[PDB]
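Novice: Mapped onto the deposited numbering, the consecutive letters of the sequence shown carry residue numbers 58 to 166.
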Amino acid sequence: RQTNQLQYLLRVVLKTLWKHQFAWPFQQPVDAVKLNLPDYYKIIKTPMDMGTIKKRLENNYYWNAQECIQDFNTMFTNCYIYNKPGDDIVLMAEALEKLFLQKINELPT
Ligand SMILES: COc1ccc(S(=O)(=O)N2CCN(C)CC2)cc1NC(=O)c1[nH]c(C)c2c1CCCCC2=O
C-alpha cells in the first residue's frame, strides 16, 4: 500500500507516459555497448529510464512522490546532456517532458 501521490505517479503519470508514441526510447536502460556509445557511462553517472522507475514504483522503493519525480528529471536531463540538441531523441524527450510536467501539476494533494 503506497501514498496517494505515489499511487497516482504510477497509475496516471507513468502509465500515460509509457503509452505515449515517443515512450519507446525510454522504456528500458540505454544499452550503450550494444548501440556503440563508448562515452555514455562516462558522461551519464546515473542512468535512468521509465522501466527502472516503473519497477521502483511497483516495489515501494520510493519514500514519496518527489523521489520519483527526481528519477524522471534525471532521465530527461541525461538525454539532453548526452545528445545533440537537434537529435530526434532530444525532441522526443522534450515532448515527453512537457506531458510529464503537465501531469505533475495535476498531482493530488
Ligand atoms: C538505435 O536506438 C535503439 C535501438 C533499439 C532500442 S531497444 O531498447 O532494443 N528497443 C526499444 C523498444 N522496442 C520495443 C524494441 C527495441 C533502443 C534504442 N535506443 C534508445 O532506447 C535510446 N534511448 C535513449 C534515451 C538514447 C537511446 C539511443 C540514442 C542515444 C542515447 C540515448 O540517449
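Yeah, the Cβ is synthetic: ideal placement off N, Cα and C, and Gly gets one too.
Count the other CB atoms within 10 Å of the CB of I138; is the residue buried (16 or more) or exposed (fewer)?
Specialist: Counting Cβ neighbours within 10 Å, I138 comes out exposed, since fewer than 16 surround it.
Novice: Check whether the stretch 89–106 and the stretch 115–123 are in contact - that is, three or more C-beta pairs closer than 8 Å.
Specialist: Touching, no, given that fewer than three Cβ pairs across the two stretches are closer than 8 Å.
Novice: Could you pull out every residue in the same chain whose Cβ sits closer than 6 Å to the Cβ of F79, ignoring the five residues on either side in sequence?
Specialist: Excluding positions up to five away in sequence, the list reads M149, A152, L153.
Novice: May I have the straight-line CA-CA distance separating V90 from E124, to the nearest angstrom?
Specialist: Taking the straight line from one Cα to the other gives about 28 Å.
Novice: Runs of 3 residues minimum, wholly inside the stretch 70–150: which ones carry the beta strand (DSSP E) assignment?
Specialist: You should have found no qualifying run.
Novice: Between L74, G143, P142, which has its C-alpha nearest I110's C-alpha?
Specialist: That would be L74, whose Cα lies nearest to the Cα of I110.
Novice: Less than 9 Å separating the beta-carbons of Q62 and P165?
Specialist: Against a cut-off of 9 Å, the Cβ pair of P165 and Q62 comes out as a contact.
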